[PDB]
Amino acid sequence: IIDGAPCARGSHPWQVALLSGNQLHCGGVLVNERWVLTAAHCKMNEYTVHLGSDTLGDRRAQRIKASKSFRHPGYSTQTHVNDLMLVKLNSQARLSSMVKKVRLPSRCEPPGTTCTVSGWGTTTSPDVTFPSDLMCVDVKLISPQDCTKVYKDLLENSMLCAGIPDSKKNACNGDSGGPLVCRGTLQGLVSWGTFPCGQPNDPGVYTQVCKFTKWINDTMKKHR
């Protein structure tokens, strides 16, 4: 997260992290006791999912193994359209005051809405710096028309932009799959942006969750 601040402790119990052993790879959100929703480009052959703490490496944190991942059938490794994926938890996820289900959206929030994006991604760019504490930053949803003026052909269907005008406030490497929340509901998953991160007027791009609600449910309904 660029130009953000440490999230208030316990304000993100549905936030999870995908680790390659001990190193952060991506972020994600807990859908239920066995499902994590993250970015499709965050795919791994095996994951070590962090849950229950704002600090990576917390001794109290939960670390569950994952070997099954289900990317949206329409994901493109060339355009990154449909950048979302569900990862099945090998073991049950023990809920608590620090681990809760995320609230999926029932509709698409409109442009101009102020939202919060969070992650343990790099806080600097081009040079990389990874924080142990979960970082948060507020951004505003940008209309598809406005964003197309910036990215043109790079924008495909269900790609939601968010950012602050003339501001470095944005997501970056390691933040993918992480939640973009507005009004208590999940509106987006960090997908992509420009490099280096935090270029003013260069919006962060998110997978627009309100467009995949049916897919998310059916996929969890079919695989256990």
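Heads up, when I say rigid core I mean the largest set of C-alphas that superpose within 1.5 Å between the two forms. The first residue of the sequence shown is number 1, and the count goes up from there.
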| item | value |
| --- | --- |
| Higher-deviation segment by CA RMS in 8 other deposited structures of this protein, core fitted, 157-165 or 60-68 | 157-165 |
| RMS Cα shift after core superposition in 8 other deposited structures of this protein, winner of 141-149 and 102-110 | 141-149 |
| Entry-level comparison of average CA B-factors, 199-207 and 14-22, reporting the higher stretch | 14-22 |
| Stretch with the higher entry mean CA B-factor, where the candidates are 109-117 and 150-158 | 150-158 |
| Largest Cα B-factor, entry values, listed residues 129, 82, 77, 90 | 90 |
| Identity of residue with top Cα B-factor, from 137, 102, 142, 134 | 102 |
| CA B-factor ranking of residue 220, expressed as a third of its chain | highest |
| For residue 184, the third of its chain into which the C-alpha B factor falls | highest |
| Modelled-residue ranking by C-alpha temperature factor, third containing residue 50 | middle |
| Residue 29 by Cα B-factor - lowest, middle or highest third of the modelled chain | middle |
| Residue 66 CA temperature factor, ranked by third within the chain | highest |
